[PDB]
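# Secondary and tertiary structure notes
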Amino acid sequence: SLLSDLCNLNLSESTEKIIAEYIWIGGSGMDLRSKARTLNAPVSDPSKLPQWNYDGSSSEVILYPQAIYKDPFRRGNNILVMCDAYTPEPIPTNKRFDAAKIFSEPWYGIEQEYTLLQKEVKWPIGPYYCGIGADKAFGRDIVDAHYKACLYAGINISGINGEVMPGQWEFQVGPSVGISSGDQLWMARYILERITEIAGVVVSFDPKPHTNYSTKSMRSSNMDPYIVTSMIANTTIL
Amino acid sequence: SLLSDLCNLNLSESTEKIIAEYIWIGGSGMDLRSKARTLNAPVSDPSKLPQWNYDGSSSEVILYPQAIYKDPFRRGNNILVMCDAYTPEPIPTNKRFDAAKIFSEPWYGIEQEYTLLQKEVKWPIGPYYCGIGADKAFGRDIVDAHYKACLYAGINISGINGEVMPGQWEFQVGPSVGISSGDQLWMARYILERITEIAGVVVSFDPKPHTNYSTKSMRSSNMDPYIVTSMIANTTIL
Amino acid sequence: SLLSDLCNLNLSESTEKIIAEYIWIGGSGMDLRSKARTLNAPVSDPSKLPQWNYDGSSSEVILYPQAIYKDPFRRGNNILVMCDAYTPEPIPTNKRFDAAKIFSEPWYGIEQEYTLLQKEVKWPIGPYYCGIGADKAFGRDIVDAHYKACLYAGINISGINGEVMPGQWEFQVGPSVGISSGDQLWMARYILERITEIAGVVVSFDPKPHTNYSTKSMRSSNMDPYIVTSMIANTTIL
Amino acid sequence: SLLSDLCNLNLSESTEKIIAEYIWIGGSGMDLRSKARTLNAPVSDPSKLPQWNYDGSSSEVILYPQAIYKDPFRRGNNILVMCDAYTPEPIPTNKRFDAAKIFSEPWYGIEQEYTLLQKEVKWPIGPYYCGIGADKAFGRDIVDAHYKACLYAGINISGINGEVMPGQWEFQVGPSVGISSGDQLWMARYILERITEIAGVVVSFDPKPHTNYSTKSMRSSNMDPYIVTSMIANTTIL
Amino acid sequence: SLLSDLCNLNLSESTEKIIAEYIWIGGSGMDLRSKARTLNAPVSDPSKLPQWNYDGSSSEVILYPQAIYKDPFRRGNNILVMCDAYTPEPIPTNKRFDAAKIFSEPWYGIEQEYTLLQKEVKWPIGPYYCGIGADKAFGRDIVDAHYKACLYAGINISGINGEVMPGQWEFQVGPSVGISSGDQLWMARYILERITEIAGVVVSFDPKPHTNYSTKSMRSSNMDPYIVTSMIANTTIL
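As a starting point, this report considers the structure included with it. (Residues numbered from 1 in each chain as written, not as in the entry; some residues may be left out. Chains lettered and ligands numbered in written order. Heavy atoms only, no water.)

### Let's talk about the interface of chain A and chain D
Of the residues lining the interface, 33 residues belong to chain A; the matching set on chain D comes to 30 residues. With both chains or domains summed, chain A and chain D bury close to 2800 Å², and 58% of this area falls on carbon and sulfur atoms. Across the contact surface, chain A and chain D share three salt bridges. Put simply, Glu21 of chain A and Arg140 of chain D hold a salt bridge, and the shortest N to O gap is 3.8 Å. Broken down by secondary-structure element, the contributors of at least two residues to the side of chain A that touches chain D are β1 (20–26), β2 (31–37), β3 (52–55) and α4 (186–198) of chain A. A per-element tally of the side of chain A that touches chain D places β2 of chain A first, with six residues. Residues of the side of chain A that touches chain D, tallied by class, amount to 13 nonpolar, seven polar and 13 charged. Examined bridge by bridge, β2 of chain A and strand β7 (residues 159–162) of chain D share two bridges and lie antiparallel to one another. (Contact = heavy atoms within 4.5 Å. Buried area = accessible area lost by both parts, 1.4 Å probe. Salt bridge = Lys/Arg side-chain N within 4 Å of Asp/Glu carboxyl O. Helix = DSSP H or I, 4+ residues; strand = E, 2+ residues; numbered from the N terminus. Nonpolar A, V, L, I, M, F, W, Y, C, P; charged D, E, K, R; others polar. Pairing = 2+ DSSP bridges.)

### Here's the deal with the relation of the copies chain A and chain D
Between the two copies, chain A and chain D, the superposition gives an RMSD of 1.7 Å; the rotation angle is 71° and the shift along the axis is 0.6 Å. Viewed as a symmetry operation, the transformation between the two copies matches a five-fold axis. Nearest to the rotation axis, the C-alpha of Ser1 of chain A is located 7.5 Å from it, this being the minimum over chain A. (Least-squares fit on C-alpha atoms.)

### As for the pattern of salt bridges
Taken as a whole, this structure holds 38 salt bridges over all chains when the rule is applied. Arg74 of chain B is the salt-bridge partner of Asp144 of chain A, the closest N and O atoms lying 3.2 Å from each other. Within this pair, whereas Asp144 of chain A is found in helix α2 (residues 140–153), its partner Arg74 of chain B is found in the loop between β5 (67–70) and β6 (79–82), the two belonging to separate chains. Taken as a pair, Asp144 of chain A and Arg74 of chain B share a single burial class, namely buried. Ionic pairing is found between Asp144 of chain C and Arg140 of chain C, a salt bridge with its closest N-O pair at 2.1 Å. Note that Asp144 of chain C and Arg140 of chain C are positioned in helix α2 (residues 140–153) at a spacing of four residues, about one turn of the helix. No difference in accessibility class separates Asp144 of chain C from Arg140 of chain C, as the two residues are buried. Linked through salt bridges whose partners overlap, the residues forming this network are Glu21, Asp71, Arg74 and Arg194 of chain A together with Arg140 and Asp144 of chain D. (Buried < 20%, exposed > 50% of the residue type's maximum accessible area, 1.4 Å probe, protein only.)

### As for the relation of the copies chain B and chain C
What relates the pair of chain copies is a rotation about an axis plus a shift along that axis. It takes a turn of 71° to lay chain B on chain C, together with a shift of 0.3 Å along the axis; the resulting RMSD is 1.8 Å. Comparing interface residues between copies, only 3% of those in chain B also sit at the interface in chain C, which points to a heterologous contact through distinct surfaces.

### Details of the sheet that holds strand β5 (residues 79–86) of chain D
All names here are of chain D. Read from one edge of the open sheet, five strands run β2-β1-β5-β4-β3, paired in mixed fashion. Strands with a single pairing partner mark the edges of an open sheet, and in this sheet they are β2 (33–38) and β3 (52–55). Between one strand axis and the next, the sheet turns through 35° on average, direction left out of account. Bridge analysis of strand β4 (residues 60–70) against β5 gives eight bridges, and the strand direction is antiparallel. Within β5, the residue paired with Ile62 across the bridge is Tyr86. (Axes fitted to C-alpha atoms, helices over the stretch in contact; angles between N-to-C directions.)

### Re the interface of chain B and chain C
The interface is formed by 32 residues belonging to chain B together with 33 residues belonging to chain C. Across the interface of chain B and chain C, roughly 3000 Å² is buried in total on both sides, 60% from carbon and sulfur atoms. Together, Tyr129, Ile132 and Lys148 of chain B form the three largest contributors to the area buried by chain B at its contact with chain C, with a combined 23%. The tally of links from chain B across to chain C stands at twelve residue pairs in polar contact. Of all the secondary-structure elements, those providing two or more residues to the side of chain B that touches chain C are α2 (141–153), β10 (160–161) and α3 (187–198) of chain B. Across the side of chain B that touches chain C, the residue classes tally to 18 nonpolar, eight polar and six charged. (Polar contact = N/O pair within 3.5 Å; in protein donor to acceptor, adjacent residues only side chain to side chain.)

### Here we look at the nonpolar core
In this structure, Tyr114, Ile160 and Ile195 of chain B are the most contacted members of the largest nonpolar core, which totals 49 residues. Not counting residues within four places of it along the chain, the set of residues in contact with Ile195 of chain B comprises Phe73, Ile142, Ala145, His146 and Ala149 of chain B together with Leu3 and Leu6 of chain C. Ranked by size, the runner-up nonpolar core spans 48 residues in total, among them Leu80, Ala99, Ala153 and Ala188 of chain E. (Core = buried A, V, L, I, M, F, W, Y, C linked by side-chain atoms within 4.5 Å.)

Shown next, in the form of C-alpha cells:
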C-alpha cells in the first residue's frame, strides 16, 4: 500500500468537515481546472454554498456555486462544484451568461467523443465496431471506471460504445435539461480527464490527436457545448 | 492499485440506474460483439426492455431483448442482454429465427472446447488428463473464474474437464431447454471472452489455432451451434 | 488486482447450487488428478452423491463418492470428494479395495516429507532443524497456507516441523479412525500441489531428488498410504 | 503482503494500550522529530499525560504534553502529542515560551509552499496553475493523502492548490484560536514528511531548491509559526 | 494476490481446533527455534497444556508449556508458547532453572538494541537521532509492525526509538513482573525475526556487525535476559 491505503479514509469518524473542490473553465477553453477548499456542514443546495475567487494572473476572478454533485475519488459526503469565471460582468471566456439568459423544457442529449492515448508515447495503445478481445479494448477498465463514476456522481449519462478508430470511444448524456446539458457535459468531461491521469493514459477530446432535441412540446462557435446548444435552441422554440 | 479502485463501486446509494449491455453476433467469425448503455429501474422480464438498434456499416440493424442475466464484471444489479440481428426480416447472419420457430421439450448438454493460450506469443503459458502441478495446468485461475462467473450469472452450467494435449479444456453446458441452448451457450461463451482479455491470455475457439439429446418424450463442438441444436431436434421433434 | 478479483465470488447470493471436485489416483500412483462438476443441493453424506466416471484412455473407469470434505481454494459450500477407480471389480491401480475389506477402531498416524525446488533449475529456493532467520526457512508462507487449509478442509493434521535438509519439511496426519486415516492422507498430499502451483515451485516427495499404531484392544514397498497401513494392521487389528 | 498486512492491526480487543508519539522540534533546520511511548488509559486531556524527556547530546531535555491529536499511520485510539523542549527554563531553540507568554483571540492563517523532488536526482517528478491531467499535476496521490490525513488528525486545514512552476503546492492552515494556530502548522507540517517518506520523494520547503489576522472583535527570515505570529499579535492583540 | 490469499483464513467457522508454536532456545544461545503443533480446545492456562519434546541430535529433549501468549502472524485463537529445554535435569544451555529458583515482586525493565542490514550485501538499507523522512529512518514499516504485534501478543512493551548509527533502533520492555520479565523479552525477540523474515532483511544484535530495577517495596557476560536479572536480583531482593 504505497500511497494507496491513504487517499481513502472515513469522514464522520473524526470530523464533520467536507471538502468541496471548485472547478472552472480555463486556458483556451478545453482546459478545465480546479482547486480544493473545505466547508463546515454538508448541504447540496447551490444557494447556501459561499462564493469564492481566484487570481487569474497565475485578474481577481470571482466564482459562484452552480452545480453541487458528488465526487469520484472521494466518497461519503465530499462534493464537486461547477463554477464559471467572472472577470473583475462575466469574462468573455465564460460563454455561459448568454446561455443562462437564453434558457431562463429543452432536453438535450449532446453526443461527445473521446480518444485514449498512451501518455508515455502520446499515441493510442497498440470489424473494430465495439470489438472485443485482443487489439480491441485498449483500456476498457478505464471505460468501466468512467461510466460507473458518472453514474455515482449525478451525471445523467446514457451509454457508451466504441468505433473503428483504435482506442477511441464515445458516451451519451440523453435526457438533460438544456442549461444542465452545459454543466453535466463539462463535469463529465472533467471526471474522465482525471481517471486516465491514474494510468499512463490521456483522454484527448479532439478530432485528430450531434445535438438531440426533445422538448416537452412547443410553447415559445467551434467546439463549445454551451455555444452549440444555445445556437440550436435559438430558432427552435425554446 | 492503478485504476482498480473504481470499477467496483455501488449503485444502491446514489442512483438506481442499472447498466444493461447489449450483445449480438458479429460477422463471419464467432466474434460475439456488444456495446454498453443504461436503463432506469431493475426489471428482469425481457418483455419490458425497449427495442434498440445499431449501425452495421461501421446498415441500420435493430435488436430486441430476450435474455436478461446478471453480470460477472460489474455485479450488483447490472445485466447482460442477449440480442439478435434483425432488419426492419432477420439477417442471414442471425440464424436464430428458424430455431426459435422450430422450438416454439428437448434438453441439450452440448460439449465445447475453449483452448486458451498466451496473448503476446499465442503459445501455452507453460497421462495428462486433468493434470495437476508443474507443466499440467497453464492457468487455472482464469478457468475457476469463468466457472464461478457462469454459475453466478444464471447460466445452468454443470461440468468442466481438462485435456491431455497442452492447452485444451472443456466445459459442459448443462440442462438447457431447447432454444434456451442458444443463449446459455453464447453469453456463457461470451463471458470467457472478457476474462482471458483481463489477463495476457487469448482464447482460440478454433480446432487448430459433441451433440447431446435428453428429451422428456423419451426418444434419446463450438463455432456453429444454432444449426446443430436445431437440425437434430427436427429429426426427433417432441 | 488483475485476474484475482474473481475466483472469490459468493454462492448463496445468486444461486444455491454447489460444486464438486472429483479426485482419482493417477497411473503411477504419485500423480493425483481431478476434474470439477456441479451439483444441485449441498449435502455432505457420501452416499447421496451419484456415481460418475471418466475415460481412462486419456477405457471407461467408474468413480463413486467416498470422502466428502470442504474446499480451501473455493470456500463457501464447495466440496472436495476423494474417490477410487473401478473397472467396469476394483482397478489394479486402486489399491484401496484390499484395505477396505481388511478394515471392514485403529487410530493411525503416518509421516510425510517433501522437498521444495525452483521451477526451472530444480534446487531449493534460497542448524536447519526448525531453523529461523537468514538462510534457514524458505517459503514458510506456503507451509502456513497448507497447515491452515488442511485444518479448514477436514483433514485432522496435527503438526509440522522443519529439518536439516534444505527446503525440507514434514507434517503429521494425527489420530484418525481406520481406513479413513489413509484416505485423509491423500487429500493432504493433494492440497499441497495446488498450493505449490501458486508459487511456481516443484514439490518432490522422492527420497533422492514412521507409522503410529494405537487401538482400543481388538476391533469391535514404495510409500503406500494403503499398502503400509494394511500390512501393519493385518498383523494386529485387521 | 510485504509487511503491509501488519501495521494495521486492531487494539480494542487484545490490549487497550494507547500509544503516543512524543514530537519535538529539531536543531538548526525544520526537522521535527519524535519517538514512540506507550500509555495505559486513552485520554485526550493534555493535563494528564505524563511528562517525559530525552537526551540532547545525540544533554537531558524535558518535554511536557501540549497538543493531543489523532494519528495518520496508526489510527484507532493511537495519539500524536506535540511537545516543546525545556532545558533542566525554555531551551533557546524552543521559540515557544515567548509566544506563550505573549498570548497569555487572534485567528491566524499562514501560507506554506513545498517543492517535491526525486529522491536521488533532486529534480521534480515528471497554464500550470491548478492544472489537471498529465504534465500538470505530478503525484497528486501524495497531496490527497496529506490533505485527508490533516483533516483526520485534528488540524483544521482549510484549502490547498497548485502553482505555476512545476512541482510545488500550497495548503491553507485554516482559522484557529491563539498560539494553537501556530502549533497546528507545525503539527500539520509533521504529517507531510511521513507521507512523503512512503513515496521515496524529497520535500523541500526552501525558497530556492503571507499571514491572515482576525480577532474576536472581528471574526475568523525563519519560517516560524511562532515568531511571525507573536510579532503580528504584539502590534495588535498586545 | 499469489500465495497470500491463504494464511489468513478463519478458525471458529469450520473447526474449534487451535494451533500452538512450541519455541525453545538454540544451542549457540543466539538462535531461537520453534515448530508447530495442534490442540483441541483453546485454553490460556500453561498448566493444562500437554508436555512435548523433540530430538536434540538435529538426544531427546523435553519441553513444558511455560508462557502462553497470542500470535501476531495467525490471529484468531492461535497461541504461541515459550518453553525451556529440560533433559529427561535442565540442560546447561537452558539457563532458566537458576533464575526460576532464584525468583521463587521485583519489576524489571531491560533495554534492547538491534541493527538492520541488507540480505546480500550486508550493508544497511539506504543528526540521525530519532530522525524522520528520507536519509534518516529506513524501514519504519518493520518497526511499526513489530511494535503493534508486540502490543497485540501480550508482551507489554513500552517504547521504541531510533539512534545515530545508520539502520539501528532500540525498544524497551519495562512493566514486567518476576522471572516472566526475562521470559517476555525472549518472546518479543522471537517476533522480530519472523517479521524481518517477511522483508528480506537481516537483523544483527551483535555489538559490532541497561537494566531497570524497581520493587514492590521500591527503595525500601553475554546478553542473557536470565543471567543478568538473576545476578542483579541476587544483590538486592533475592
